[PDB]
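Throughout, read-outs are computed from the coordinates displayed, never taken from laboratory work. Cβ placement follows ideal geometry from the backbone for every residue including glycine, while neighbour counts extend to all protein chains displayed.
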Amino acid sequence: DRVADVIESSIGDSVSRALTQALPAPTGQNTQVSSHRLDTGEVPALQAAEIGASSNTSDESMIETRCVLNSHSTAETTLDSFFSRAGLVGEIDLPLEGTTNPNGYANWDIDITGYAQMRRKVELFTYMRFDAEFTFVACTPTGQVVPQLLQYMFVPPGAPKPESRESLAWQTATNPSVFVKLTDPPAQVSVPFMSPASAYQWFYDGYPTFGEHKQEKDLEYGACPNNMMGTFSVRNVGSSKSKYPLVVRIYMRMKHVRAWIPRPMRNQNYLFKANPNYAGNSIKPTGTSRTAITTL
Amino acid sequence: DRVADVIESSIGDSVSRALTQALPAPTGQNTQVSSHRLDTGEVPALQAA
Amino acid sequence: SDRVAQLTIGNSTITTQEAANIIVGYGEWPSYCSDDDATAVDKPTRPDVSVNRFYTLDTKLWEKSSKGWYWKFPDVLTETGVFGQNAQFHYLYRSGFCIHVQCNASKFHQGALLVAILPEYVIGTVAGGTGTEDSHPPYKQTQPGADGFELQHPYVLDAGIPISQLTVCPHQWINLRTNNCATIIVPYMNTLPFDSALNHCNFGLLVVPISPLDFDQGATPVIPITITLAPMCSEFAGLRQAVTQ
Amino acid sequence: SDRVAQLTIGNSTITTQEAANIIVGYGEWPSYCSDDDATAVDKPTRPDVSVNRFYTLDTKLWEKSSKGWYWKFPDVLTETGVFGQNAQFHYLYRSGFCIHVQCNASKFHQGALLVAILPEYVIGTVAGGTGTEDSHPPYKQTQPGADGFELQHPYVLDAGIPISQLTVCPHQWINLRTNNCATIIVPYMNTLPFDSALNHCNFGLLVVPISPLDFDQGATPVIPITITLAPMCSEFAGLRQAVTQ
Amino acid sequence: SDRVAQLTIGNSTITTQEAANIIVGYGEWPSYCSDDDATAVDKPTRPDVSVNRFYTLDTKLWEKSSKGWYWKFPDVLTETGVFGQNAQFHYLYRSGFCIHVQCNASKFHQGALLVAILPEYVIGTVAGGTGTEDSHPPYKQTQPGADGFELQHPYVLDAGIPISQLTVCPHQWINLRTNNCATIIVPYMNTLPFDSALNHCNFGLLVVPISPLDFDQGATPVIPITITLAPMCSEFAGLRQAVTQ
Ligand SMILES: Cc1cc(CCCCCCCOc2ccc(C3=NCCO3)cc2)on1
């Protein structure tokens, strides 16, 4: 009735084989008593790194060990512990006199790859899914608190990006905006995991357009739209010159984190956002150096 | 109550492991019938001094 | 029963008598896309044997000075075989891979290659040396296809990342005194159930000499490295005409 | 599962991939002194791990002309480590030993060492050649400690006894084409439950080349022999100040 | 447990550490003659151990040009040992054989010998070249006994038959990189229960170099091939005086 090779044909198996299981590990593994072992055929110490697996040799096999009940917690090593720490990811200037952002408003492209500390931590993984708490610390360049009213407005991609301090877009009829005085504590708000992909992608080895991919367009390599969440716009609410030079610092605290595929930690200084470029002539060693392998 | 490594600690074992036993040997060992053996995997003759 | 092995997919069989076990990337065998993990509503193609088989793509020559090479994956197999076709004809592609890198020598040669799989292997540039110029790697460097591409600054994997730590990735070594081939099975890894085999390369294969090749003169000086690989659970959807890139 | 082995005592682990099993002197594992075999009424010290561990005492160079060497035991380990201390501080000593002699070469070298344990290894002299003079071996020859001592008439083991028969003693051979190390475990052997580690040497370790070392020129000519050993079930009693000899 | 082996018959024991299993001609162990397969009514002799044992008959030198040799069997063992005697004294002979051909070299030499058993190995002549002359092979060529005989046209086995097909006969190869000896056990094969060891040779043993021997200069150039064989279940009947031929 059927052709057999069709009946076995495991084609269409949606579930993955696994091979490993997650076990509880609230504390560090304890050490159990070890005694001398003088025998043939059993060699813990001997390994074959070629295989690609880490040595499974235990302390007990390398020395006579006592017993230790390790109750040291592993809680602080979870992704949430490691990442749920507010950090600077954006800085916006709103000076009186200047070439940066006069007029009294700015449009910050939402991109956390602009600051080294936070960037390196996340670039530890290839994919990350999470919600976040954005906190906005505003004041003058001197760090002085001033009686000024601001309006922050999240502008999802495709929404009208404000062209002036009095842009019609500030009616923010559907966009979420925040109105705060610099005298009020820094504004903080909760953001979900928005993105058509299942996770944000720190590294996207590919292009996003499907074209010819000539010289001029090599600007698009590594540009993944599933990460461009839109822009964050800010203006001093009014129709006249601010009167005070402002600055807004954007801090982000990740929460409800999931991360996948760990990568080697950043090695060379960062140069540009969403672009692993490094300084070819200043390629420094991962760390410190000595004078000889036989001396400290 | 104790420290474990003290509880196992075989230190203080007065008796020796042995490994060999003395058997009765009043006479020389007898020889038993042997037949031809043409096989692989079994090499009496081969040793490692 | 561990140094010898035989890999058989489609109508291809690889053999080896000096293997070093098999690595299964992130401990997961390639599977097909769940009925609830998917979005594309059209019923896909699963050519099976005509695509899931071993393609021996290329040979490189290992020399006492070699820096190391890499191949971006989804890409590498396009233009080649029935796999390549389904990839050009369809928008969406999905699949795992069995990568078998081989290189042998004599018990008198010595050297060690690091064979690793680095997901989303984004390439960088030297930034014009001074690092003031915002240069970008060309389509020729980011997606070399077969033939692969040679590294210029392996220490940082041409991307500002320490190779010393590349081992947190499904890897395996080819130490001549020990073995003569690496075998890594990689599952489909992406943030989407399917993606375009053309503009996206789920991962890159790195083959780098960490302990240089060496030998006394008179011994055959031509030590090649050959890359053989096989797609697994290949699935395609989004049929249209054939697109190259 | 017999040519590879791992020995672990205290905080030391020896490894080997070309062993030839393990010999257990006179078929008996080192034990502690019976409560009815003993006489000394004071309660002893059994430092355990601080003394029962591997001490790699010395390296000799095997040459195409080497005659062979020997080390007297109890002694050899004095002055070295915590073991040495308990031996000087205490009058009475008792212990077994795990002796691991190692020496490797290439599959192109050849030679064979006889590694044996000769209890109560009393040394003799040539008696002034003519044999009329009643000479006696010096403290430097009878108890060389580490560094051992080279034989001058191995055929008679410098004691008028045929080495051809030395094998009635717990021995083992190091035949280069076959293995690269000897492992002999010796139990405490004396006519007393305890004795002085200083004036008495329960046995001697002989390492003698019976089949000379040889190799074609160009192959590394420096073939060393290293002696590693570990006390087992060390027990001490009769505490006083530290005495050297 | 397959590359090492020990063959023991009578008072002889062959040893080997690089064997390639054992072939049993036409899958049948040598047996004695059935009570209903026989005709000769006299009760036979079955010397057992005095005849069923290993006779190491001869050594040949394998050279880069060697063509190959053969030995006719029943015959080869006459004149040698107690077997030879029972064969001359008795009219009727019957027996199987355990043939062990040995030849070793170093892991640096190379070559491959075909060792086969060809029943009723009738020899032919070149027919005077033109093939018009009806010549016939001499008693010296058809029954060389020990010392065997060298082939002159191995391609046709000096009998107009392709050696390429000689493998349909109980054979085994001696590939230096792999093994150093062939072992074939042959049962009595004839159309009669017994026959004369003198005028009839139940089969011939062929040892032919198919892949020539080769090696770089400096390695021992004398690679011998030795033939050892043992009769099995030897039975004799038809006693008279001793006849040579
Ligand atoms: C009210 C209100 C709230 C806001 C700001 C909301 C910001 C939500 C940001 C979520 C950001 O997720 C990211 C994922 C990836 C990257 C990225 N940058 C380089 C490539 O990846 C940046 C942000 O503004 N107003």
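Points worth noting:
- Scanning region C:43-50 for any residue that is part of a strand (DSSP E or B), among the polar types (S, T, N, Q), closer than 18 Å to C:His100 by Cβ and in contact (Cβ under 8 Å) with a residue 40 or more places away in the chain turns up nothing.
- Scanning region E:3-16 for residues that are free of Cβ contacts under 8 Å to residues at least 60 places away in the same chain and either assigned to a loop (DSSP other than H, G, I, E, B) or closer than 19 Å to E:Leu176 by Cβ (or both) gives E:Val4, E:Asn11, E:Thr15.
- Scanning region E:39-86 for residues that are of a type in the set (D, E, K, R) and either within 19 Å of the chain's Cα centre (by Cα) or more than 17 Å from E:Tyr188 (Cβ to Cβ) (or both) returns E:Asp42, E:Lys43, E:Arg53, E:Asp58, E:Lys60, E:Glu63, E:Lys64, E:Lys67, E:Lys72, E:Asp75, E:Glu79.
- From the options D:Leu213, D:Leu205, residue that is in contact with a helix residue (DSSP H, G or I) (Cβ under 9 Å, 6 or more places away or on another chain), among the aliphatic types (A, V, I, L, M) and not in a loop (DSSP other than H, G, I, E, B): D:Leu205
- Looking only at residues of region C:98-152 that are surrounded by 15 or more Cβ atoms within 10 Å (Cβ to Cβ) and of a type in the set (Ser, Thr, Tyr), we find that the one that is farthest from the other protein chains (Cβ to nearest Cβ) is C:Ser135.
- Every residue from region A:196-224 that is exposed (fewer than 14 other Cβ atoms within 10 Å of the Cβ) and either closer than 19 Å to C:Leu198 by Cα or near the ligand (Cβ under 10 Å from one of its atoms) (or both): A:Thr209, A:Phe210, A:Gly211, A:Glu212, A:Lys214, A:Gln215, A:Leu219
- Qualifying residue in region C:89-97 (condition: of a type outside the set (D, E, K, R), crowded, with 23+ Cβ neighbours inside 10 Å and not in a strand (DSSP E or B)): no
- Pair list, Cβ under 7 Å, 6 or more apart: region E:219-245 residue within 24 Å of E:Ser106 (Cα to Cα) and within 14 Å of chain B (Cβ to nearest Cβ), other residue assigned to a strand (DSSP E or B) and among the β-branched types (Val, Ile, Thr): E:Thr228/E:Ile14; E:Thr228/E:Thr56
- Looking only at region A:243-261, residues that are over 12 Å from the mean Cα position of the chain (by Cα), part of a strand (DSSP E or B) and of a type outside the set (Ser, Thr, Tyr) come to 7 in all.
Okay, residues lined up against (1) in a strand (DSSP E or B); (2) touching a residue at least 40 places away in the same chain (Cβ under 8 Å); (3) within 28 Å of the chain's Cα centre (by Cα):
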residue: A:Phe203; (1), (2), (3): no, yes, yes
residue: A:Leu219; (1), (2), (3): no, no, yes
residue: A:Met229; (1), (2), (3): no, yes, yes
residue: A:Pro264; (1), (2), (3): no, no, yes
residue: A:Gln268; (1), (2), (3): no, no, yes
residue: A:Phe272; (1), (2), (3): no, no, yes
residue: A:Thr291; (1), (2), (3): no, no, no
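- Scanning region A:127-137 for residues that are more than 14 Å from chain C (Cβ to nearest Cβ) and within 12 Å of the ligand (Cβ to nearest atom), we see that the one that is farthest from A:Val234 (Cα to Cα) is A:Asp131.
- Qualifying residue in region D:35-57 (condition: within 26 Å of D:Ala159 (Cα to Cα) and more than 11 Å from every other protein chain (Cβ to nearest Cβ)): yes
- D:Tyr26 hydroxyl-bearing (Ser, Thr, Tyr), more than 7 Å from every other protein chain (Cβ to nearest Cβ), under 19 Å from D:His100 (Cα atoms) and touching a helix residue (DSSP H, G or I) at 6+ places or on another chain (Cβ under 9 Å): no
- Meets criteria (within 30 Å of D:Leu7 (Cα to Cα), within 14 Å of chain C (Cβ to nearest Cβ) and among the hydrophobic types (A, V, I, L, M, F, W, C)) for A:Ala53: yes
- Test for D:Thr8: is it farther than 21 Å from D:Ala146 by Cα, touching a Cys at 6+ places or on another chain (Cβ under 7 Å) and away from chain B (no Cβ under 14 Å): no
- The set of residues in region C:101-122 being aliphatic (A, V, I, L, M) and over 26 Å from C:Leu213 (Cα atoms) consists of C:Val122 alone.
- Residues of region A:225-257 that are more than 12 Å from the ligand (Cβ to nearest atom), surrounded by fewer than 20 Cβ atoms within 10 Å (Cβ to Cβ) and of a type in the set (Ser, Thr, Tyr): A:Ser239, A:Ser240, A:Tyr244.
- Residues (under 30 Å from A:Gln148 (Cβ atoms), buried (at least 17 other Cβ atoms within 10 Å of the Cβ), of a type outside the set (S, T, N, Q) and away from the ligand (no atom under 12 Å from the Cβ)) located in region A:99-126: A:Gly104, A:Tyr105, A:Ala106
- Residue list for region D:197-212, filter: closer than 30 Å to D:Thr39 by Cα and buried (at least 17 other Cβ atoms within 10 Å of the Cβ): D:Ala197, D:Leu198, D:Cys201, D:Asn202, D:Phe203, D:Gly204, D:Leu205
- Within region E:19-45, tally of residues that are surrounded by 15 or more Cβ atoms within 10 Å (Cβ to Cβ) and of a type outside the set (A, V, I, L, M, F, W, C): 5
- Just one of the listed residues (A:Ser71, A:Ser34, A:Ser16) is within 14 Å of chain C (Cβ to nearest Cβ) and either part of a loop (DSSP other than H, G, I, E, B) or under 30 Å from C:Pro209 (Cα atoms) (or both), and it is A:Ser16.
- Of all positions in region C:175-183, at least one carries a residue that is in a loop (DSSP other than H, G, I, E, B), among the polar types (S, T, N, Q), within 7 Å of chain A (Cβ to nearest Cβ) and surrounded by fewer than 23 Cβ atoms within 10 Å (Cβ to Cβ).
- On inspection, A:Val89 passes the criterion of being closer than 27 Å to A:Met265 by Cβ, touching a residue at least 24 places away in the same chain (Cβ under 8 Å) and assigned to a strand (DSSP E or B).
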